[PDB]
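Take a look at this single chain in structure tokens; it is the form deposited in one PDB entry.
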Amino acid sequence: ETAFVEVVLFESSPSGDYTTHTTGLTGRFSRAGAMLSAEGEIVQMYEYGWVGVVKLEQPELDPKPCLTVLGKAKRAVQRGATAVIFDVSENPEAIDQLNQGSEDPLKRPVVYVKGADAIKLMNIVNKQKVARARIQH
């Protein structure tokens, strides 16, 4: 169940000597996707190997949306996403909705985050360009 998420900044010194910085957050796996660990370069919402980070907004703003959260999940997997992380803060409904795709469940894991862990995540993304996530269990 619990999905451990490491976010990893990387940064070089003029020397060549580099330094890497890492941040632990925790969210859950959606039964909508696999129970695998995974990793790639983060992307907020190609070539393969990337991690969608998707902030869900209130559905009041999006009464009937383009794609449902699942659709967005699956859409991501088919653009190469090695995994997908929704921030479900603004809409706790997505959890309930995410977890209705156990029948035809994606082959890449599908994690949501909320509250204090969601806010850590978002702060790192927005402040820095490069960034790779690991997602474990």
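For clarity, a rigid core is taken as the largest C-alpha set superposing within 1.5 Å between two forms. Residues carry their position along the shown sequence, with the first being 1.
Undergrad: Return whichever of 95-103 or 78-86 has the larger RMS Cα deviation from the displayed form in 7 other deposited structures of this protein, where every structure is aligned on the rigid core.
TA: Farther from the shown form on average in 7 other deposited structures of this protein: 95-103.
Undergrad: Return whichever of 57-65 or 104-112 has the larger RMS Cα deviation from the displayed form in 7 other deposited structures of this protein, where every structure is aligned on the rigid core.
TA: Greater root mean square C-alpha distance in 7 other deposited structures of this protein: 57-65.
Undergrad: Check the entry and tell me how many residues of the deposited sequence have no coordinates between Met45 and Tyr46: none, 1 to 3, 4 to 9, or 10 or more.
TA: Per the deposited record, the segment joining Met45 and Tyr46 lacks coordinates for 10 or more residues.
Undergrad: Mean C-alpha B factor from the entry: is it higher for 16-24 or for 122-130?
TA: Averaged over C-alpha atoms, the B-factors run higher in 122-130.
Undergrad: Using only C-alpha atoms and the B-factors in the entry, which stretch averages higher, 46-54 or 80-88?
TA: Averaged over C-alpha atoms, the B-factors run higher in 46-54.
Undergrad: Comparing recorded Cα B-factors across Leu36, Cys66, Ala73, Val111, which one is largest?
TA: That would be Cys66.
Undergrad: Thinking about Cα B factors across the chain, which third does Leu98 belong to?
TA: Top third by C-alpha B-factor.
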